[PDB]
Amino acid sequence: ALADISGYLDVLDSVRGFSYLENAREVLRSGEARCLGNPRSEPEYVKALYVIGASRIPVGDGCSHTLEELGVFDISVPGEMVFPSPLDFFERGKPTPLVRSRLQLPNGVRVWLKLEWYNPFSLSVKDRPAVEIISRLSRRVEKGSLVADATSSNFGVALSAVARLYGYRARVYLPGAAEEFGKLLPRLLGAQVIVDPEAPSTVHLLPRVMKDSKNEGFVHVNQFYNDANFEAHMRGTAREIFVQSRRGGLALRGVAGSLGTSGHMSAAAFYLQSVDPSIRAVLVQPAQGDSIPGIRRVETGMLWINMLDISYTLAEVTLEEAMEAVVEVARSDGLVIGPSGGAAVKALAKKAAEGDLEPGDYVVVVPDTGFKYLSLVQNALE
């Protein structure tokens, strides 16, 4: 029998650790899920279904059910694109677009760009973990409460909008080097902002956020450590590459992206590799000494990419190379992408040039829009 999974989402407030993911992986590998005699007694299996994007669960004494039958492939978007509220727009106005580029790459590697600025609050991929993280709070943390985090810019913006839509107040901490939209937009949205001109990185801010947390008693939602970040990208970003690849007819051989928290690329790699372990994941390593906004080298400490059973290959990319790909995408497709999206395109071009990638379709996740990075654009032009 099928039941609406939304009735069972208290397991999100109670399952802990990664062991449920082993269910997630098996259901995706098999394309089906077994009936649950008593669903409430399998909290780990229920969370596994949620995280892969099921809207219905198979319940009682019955037969197995396919991904399709569980709602993994259901269309959520109203065709006419009319939405009764901003959060409903964020939730049903999905997938974000996936568009074939005209940019030519070596060795039969065909590029598709997944455009994450098509998210309504931050114009970035950060809307998704922010919505997921706030909605989990919303049943344990009293309204009017302050929530806070460290950010490079995007998450701070997404968190201020979302916090306010749910009745919370927000505070964001940013390092001196963050973009102006990051310092300014959260104030427009009603948040407090704290800029530390000392902090040479976002993660360098974290000990101060934690200390202020103990002193002032605000909720530190910690995007670097909060599992709802990874889960957001599982049922959203990663699921959508899967669905879009299968319904669009792509011969999907890999995805390429960048790493901040590692939330979205770990989800993408983990989900897609559950379905077909040979799908590659090509990830940006910003070259030593270069700053590509929003992103970091692997070895500076990242939760999901390290702890989860994920294959990937790294490619070195300088800020100059990232911006040169911004320029070439612009001239080739008329699409203006952010430096981190340029970096990913480039990392994929490099792996394509070395001959380690099968010919096929590859999805590059473009975290945000290049409109936000004018002085980087000015410099790339010279």
Side-chain angles (χ1 to χ4, degrees), residues 1-78 88 91-92 94-95 128-129 131-133 135-136 138-140 226-250 252 263 266-279 304 307-311:
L2 300 159
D4 201 315
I5 204 179
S6 58
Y8 303 70
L9 300 184
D10 54 58
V11 310
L12 302 181
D13 194 278
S14 79
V15 169
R16 277 177 316 265
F18 294 142
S19 79
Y20 77 97
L21 280 178
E22 285 26 286
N23 308 122
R25 174 152 274 177
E26 183 49 29
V27 170
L28 253 11
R29 196 194 56 72
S30 65
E32 64 188 52
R34 59 168 172 99
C35 216
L36 309 181
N38 180 20
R40 246 76 165 61
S41 77
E42 262 112 309
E44 307 215 326
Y45 207 84
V46 178
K47 183 180 194 176
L49 299 181
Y50 175 75
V51 140
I52 69 163
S55 54
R56 314 182 252 301
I57 51 179
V59 84
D61 280 57
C63 73
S64 58
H65 286 274
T66 63
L67 300 191
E68 226 223 281
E69 289 178 317
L70 309 168
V72 178
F73 291 78
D74 290 7
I75 297 171
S76 68
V77 79
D88 177 271
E91 179 75 33
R92 287 193 308 119
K94 288 296 178 274
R128 304 180 184 260
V131 167
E132 189 80 20
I133 281 180
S135 68
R136 306 281 165 102
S138 82
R139 293 162 227 86
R140 292 222 160 257
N226 186 328
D227 281 334
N229 171 352
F230 174 71
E231 296 162 8
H233 295 300
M234 278 297 280
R235 68 172 186 97
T237 309
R239 169 199 81 80
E240 290 163 19
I241 299 176
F242 173 52
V243 170
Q244 291 180 298
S245 282
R246 193 142 296 180
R247 300 271 160 113
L250 280 58
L252 182 64
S266 304
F270 181 96
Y271 192 120
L272 288 168
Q273 287 168 9
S274 297
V275 175
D276 174 1
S278 68
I279 283 150
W304 305 280
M307 282 196 65
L308 258 24
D309 187 20
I310 277 167
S311 319

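Residue numbers count from 1 along this sequence.
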The reported gap from CZ in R92 to OG in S76 (rounded to nearest 0.5 angstrom) is 7.5 Å
Heavy atoms of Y271 and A238 approach each other most closely as CB-CB, 3.6 Å
Rounded to the nearest 0.5 Å, the CG atom of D4 sits from the OH atom of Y8 at a distance of 8.5 Å
Exercise for the section: May I have the step-by-step check of side chain to side chain donor-acceptor pair (under 3.5 Å) for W304 and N229, ending in yes or no? Expected result: CA-CA 10 Å; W304 305 280; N229 171 352; over 6 Å; no
Can a donor-acceptor pair be found, under 3.5 Å and without considering hydrogens, that links the side chain of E132 to the backbone of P129?
no
Rounded to the nearest 0.5 angstrom, the OG-CD1 distance for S138 and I133 is 13.0 Å
| query | Side chain of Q273, backbone of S311: donor and acceptor closer than 3.5 Å? | reply | yes
salt_bridge(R140, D13) N-O dist < 4.0 Å: yes
> Do the charged groups of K47 and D10 touch, with an N to O distance under 4.0 Å?
Replying inline: no
Interatomic distance, CZ@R246 vs CD@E68, rounded to 0.5 Å, equals 11.5 Å
Pairwise side-chain contact, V46 with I5, heavy-atom cut-off 4.5 Å (strictly under):
yes
**Request:** Before giving the answer on side-chain contact (heavy atoms from CB on, under 4.5 Å), spell out for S274 and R29 the whole-Å C-alpha distance, their side-chain angles and the decisive distance to 0.1 Å.
**Result:** CA-CA 5 Å; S274 297; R29 196 194 56 72; 5.7 Å; no
Value for OH (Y45) from CD1 (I57), rounded to nearest 0.5 Å, stands at 11.0 Å
Task: Trace of the side-chain contact (heavy atoms from CB on, under 4.5 Å) decision for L2 with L70 - done: CA-CA 8 Å; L2 300 159; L70 309 168; 3.8 Å; yes
Original post:
Is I52 close to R235 at the side-chain level, that is, under 4.5 Å between some pair of heavy atoms?
Top reply: no
- Query: Is there a side-chain contact between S266 and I310 (heavy atoms, below 4.5 Å)?
  - Reply: yes
Tightest non-hydrogen contact, residues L250 and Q244, listed as CD1-O, 4.5 Å
Side chains of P58 and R34: closer than 4.5 Å at any heavy-atom pair?
no
With a sphere of 6.0 Å drawn around CG of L9, does it hold more than 12 non-hydrogen atoms of other residues, nucleotides or ligands? yes
Could you tell me whether the side chain of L252 reaches within less than 4.5 Å of the side chain of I241, counting heavy atoms only? yes
- Is any side-chain heavy atom of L12 less than 4.5 Å from a side-chain heavy atom of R136? yes
Return a table of donor-acceptor pairs under 3.5 angstrom between the side chains of residues 16-24 and protein atoms on other chains or two or more places apart.
residue, atom, partner, partner atom, Å
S19, OG, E44, OE1, 2.9
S19, OG, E44, OE2, 3.4

Heavy-atom closest pair (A33 atom, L49 atom, distance to 0.1 Å) is CB-CD2, 4.0 Å
- request: Salt-bridge test for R247 and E240: reply yes if a basic N is under 4.0 Å from a carboxylate O, no otherwise.
  value: no
Neighbour count above 12 (heavy atom, 6.0 Å) for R40 CZ = yes
Q | Stacked cation flag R25 on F270, 6.0 angstrom / 45 deg | A | yes
Rounding to 0.5 Å, atoms CG (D227) and CE (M234) come to a distance of 12.0 Å
Using side-chain heavy atoms (C-beta onward) and a distance below 4.5 Å, is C35 in contact with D61? no
Residue set satisfying side chain to side chain donor-acceptor pair (under 3.5 Å) with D309, at least two apart, ordered chain then number -> none
Subject >> Note, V27 side chain near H65 side chain (heavy atom, < 4.5 Å) >> reply: no
Nearest heavy-atom contact between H233 and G263 is CD2-C, 3.5 Å
